[PDB]
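Listed next as structure tokens is one chain, alone, in the form deposited in one PDB entry.
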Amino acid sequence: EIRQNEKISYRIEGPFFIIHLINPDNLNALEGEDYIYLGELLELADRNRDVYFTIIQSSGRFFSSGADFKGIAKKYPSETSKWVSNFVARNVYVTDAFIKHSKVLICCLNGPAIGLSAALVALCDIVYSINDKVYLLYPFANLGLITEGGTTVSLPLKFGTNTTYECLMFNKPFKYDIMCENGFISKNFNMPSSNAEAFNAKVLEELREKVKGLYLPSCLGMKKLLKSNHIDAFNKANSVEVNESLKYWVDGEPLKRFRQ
């Protein structure tokens, strides 16, 4: 059991724990407490012995525009204490929830993902794309921030070092063609951007077919070994990322910038 969140729902169908970002009018921008909620959902899926796959789906034309900076603009003895509680807290927690998750984590990329939300996409085990207009953007250089959500590790791992530097240093998207050239996307469904619902249903339909005859505990057993390849690097990066970001918040540059 868990509280309700009006921007994120979940349901369980057979071996699938399905998380749904359901705030398309605001491009599924997420506040700090929504990221914590996501982490709590993962931890709930992780403790459910009937669950073998955790599927993250979204709504409308964006997967997620990233952190809601209306919530950032909105009691603390210092700026450091403020950002330790408001930024360090939620980033380190949600990122860890994704890094350690034992169930097969699948992202249905119905549209672009930005920032911390795009970082979480990059931590999923498998990504399916609605169409060739999807992209990931990590706009840290334009926001006055640094890598978040384990992207220090995930982006070189999944897109290559040089590509990662070009994208991160100059605030350029990891476009669909770059995703495909790195095998980031396992299947493109080539559906119109206006029907994330049909896309989400189609992915689930195919997953139900693909799991037939499989010994699902083998999936988890394999994931347990595969995770060990980079678990340490991800855990190292998580604490360093959140702590090194603090000087950027406390300097004030990100507030000054994402005001406009």
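The first residue of the sequence shown is number 1, and the count goes up from there. Here the rigid core means the biggest group of C-alpha atoms that line up within 1.5 Å when the two forms are laid on top of each other.
For residue 183, the record comparison shows coordinates present in all the other entries of this protein that model its neighbours, with no third of them leaving it out. Compared with other deposited structures of the same protein, residue 78 meets the criterion of being unmodelled in at least one third of those that resolve residues on both sides. The entry shows an unbroken chain from residue 133 to residue 134, with no unmodelled residues of the deposited sequence in between. As recorded in the PDB entry, 76-84 is the stretch of 76-84 and 157-165 with the greater mean C-alpha temperature factor. Judged by mean Cα B factor in the deposited record, 62-70 ranks above the other of 62-70 and 30-38. Of the candidates 102, 117, 182, 129, the deposited coordinates give 182 the top C-alpha B factor.
Among the modelled residues of the chain, residue 220 sits in the lowest third by CA temperature factor in this PDB entry. When the modelled residues of the chain are ordered by their C-alpha B factor, residue 17 lands in the lowest third. The PDB entry assigns residue 235 a C-alpha temperature factor belonging to the middle third of its chain's modelled residues. When the modelled residues of the chain are ordered by C-alpha B-factor, residue 147 sits in the lowest third. In this PDB entry, residue 245 carries a Cα temperature factor that places it within the highest third of its chain's modelled residues.
Only in words, not in the display: the form deposited in another entry, which the text now covers.
Compared between the shown form and the other one on the core, the listed residues 85, 142, 161, 186 keep their C-alpha shifts below 2 Å, save 85.
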